[PDB]
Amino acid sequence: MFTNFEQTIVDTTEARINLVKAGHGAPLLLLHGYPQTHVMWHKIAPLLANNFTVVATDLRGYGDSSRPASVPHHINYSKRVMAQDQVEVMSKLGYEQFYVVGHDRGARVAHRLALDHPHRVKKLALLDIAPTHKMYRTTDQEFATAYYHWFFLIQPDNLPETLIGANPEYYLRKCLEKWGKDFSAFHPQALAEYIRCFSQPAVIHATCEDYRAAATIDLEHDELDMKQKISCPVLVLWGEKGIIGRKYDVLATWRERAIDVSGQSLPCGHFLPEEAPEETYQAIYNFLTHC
């Protein structure tokens, strides 16, 4: 995986961020989700690196990045702080403006990144999410059942840390099974990497903190600039086989938050770049190349 990519750890003001990088061309930041790492991009990053400078990081709390312990109100796993690490990485690498593609938590990071740094984000792609604020604010039985981890992972007193920590690989696998619709999609070496990082108790804790922040401080942040819209072009891709596109009008959710939205479903479940790599690459390529 990532043949001919350089691996490096970039030290930013508040965090050490692990990354792989390859390519020449306009800079493109790829941001993974839960419970994964930059390795989820392994099928499509090399294709992208044919036309862009690809930078695939681990979010703070995830992968081989720094994972600071909890603070009051979860402020250090707010999407604002998580997005700021990534801005600093791209600056250290010589890029003051760039394209961003995020999946799952990475998309949530990317959304706030675009709002907080509107001059830096030239194009934005969001894979298999609706906005955090819409999702919580429209909670009902079906959502809380399908996305029960948005309630479980935010429980206090180390409840999820303990239950997950008893057998992290079991839990990880259950997540991938539930949200994905082709377990074959996961390369055995990619699965090994996800398991290696998620088995560490500091990562179990930090990733619960991300979820905790999303239910609290992130929603404060989102409400405090609800009138501001993402200004750059936005692409939204989602998995047709998943509940997301059956339950929600995905593009309508994003048009409430952005002025220039396009996108479509792909024929897979949640894990677009692994389940439907060719279709995901094509869509991203066209969006970044033809506008």
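Start at 1 and count along the sequence shown; that's the residue number.
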| property | result |
| --- | --- |
| Of 28-36 and 64-72, the stretch whose C-alpha atoms average the higher B-factor in the entry | 64-72 |
| Average Cα temperature factor in the PDB entry - higher stretch of 183-191, 98-106 | 183-191 |
| Chain-relative CA temperature factor third for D116 | middle |
| Third of the chain, ranked by Cα B-factor, where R212 sits | lowest |
| Within-chain third of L93 by Cα B-factor, per the entry | highest |
| Relative C-alpha B-factor of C291, binned into the chain's lowest, middle or highest third | highest |
| Ranked C-alpha temperature factor of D140 among modelled chain residues, by third | middle |
